[PDB]
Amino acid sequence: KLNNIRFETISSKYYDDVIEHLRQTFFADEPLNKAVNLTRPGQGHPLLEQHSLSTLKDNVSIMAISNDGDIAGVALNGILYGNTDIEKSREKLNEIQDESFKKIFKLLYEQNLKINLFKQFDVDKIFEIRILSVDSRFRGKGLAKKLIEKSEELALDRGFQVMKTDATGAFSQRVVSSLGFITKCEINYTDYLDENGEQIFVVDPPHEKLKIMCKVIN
C-alpha cells in the first residue's frame, strides 16, 4: 500500500536496510555518479557506503517506511561544524584512489570554497541534506518533499538555524526551492571543463547545474 507511510529518525537497527536501499535505488542513478560510471545498482561502493554510514551516525536522518516496513525513501542528513579544520578535506581529496570519486569530491569541495555560510549567518553548525532518495515504487506520492519537511522539523527540534544542500540534480533542486531554499552558488555541468575543454561530467537531462542552496529556518 502506497499509503500509511510513516516518518522516523533513522536509528542503527535500520542502517543496513537504508544502505541497501541506497545501493539498490540511489547510488548508480545520481547524476554525477552516473556521469562517471561510479557504480551499478546493488553493487554499491566502499567510499559511498562509508560516507553514508558516517552520515547516518549523526542521528539526524529521516526515513519513510511503508505499511510492510519497506524503506519508501530517505533523507540522509549530516551536521557540518564551523570549527572543522579545512585541511581535512584537502588530505581526504589527495588521499582518494578512486579517480571517478575524486572528480565528484573535487567539484563539491571547489564550489564550497566560494561561500562561507557559517560567517554569512553567524552559526557554528549547519544541518546538511546529503541524500534525498525515493524508491521508484513510491514516486508520485510527494514523499521527497515530505522527507525534507520532516528533516526541517527535526533540525528545528535540535536547535539548528540554517539548512544546506549541495543539490546535483534538478528534481531535488525543485523540491527544496519549493520549500524556501535559496541558491547561493551554482555551476552548469556544461561549463565545468578539463584542461582540454571537454566536460568532466557529461550529465543526462534534465540535470543541468550543481546548486549549493540554503534556508534560514530559525
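Numbering starts at 1 and runs along the sequence shown.
Comparing the deposited coordinates for 72-80 and 112-120, the stretch with the larger average C-alpha B-factor is 112-120. Mean CA B-factor, 57-65 versus 23-31: the higher value falls on 23-31.
Residue-level inspection of the entry shows that, of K184, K150, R174, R40, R40 has the top Cα B-factor. Annotation for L107, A144, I131, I96: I96 ranks highest, by Cα B-factor.
Looking at the C-alpha B-factors along this chain, the one for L47 belongs to the highest third. Per the PDB record, residue ranking by Cα B-factor puts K209 in the lowest third of the chain. Split the chain's modelled residues into thirds by C-alpha temperature factor. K125 is in the lowest one. For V18, the recorded CA temperature factor ranks within the lowest third of the chain's modelled residues. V36 sits in the highest third of its chain by CA B factor, as recorded in the PDB entry.
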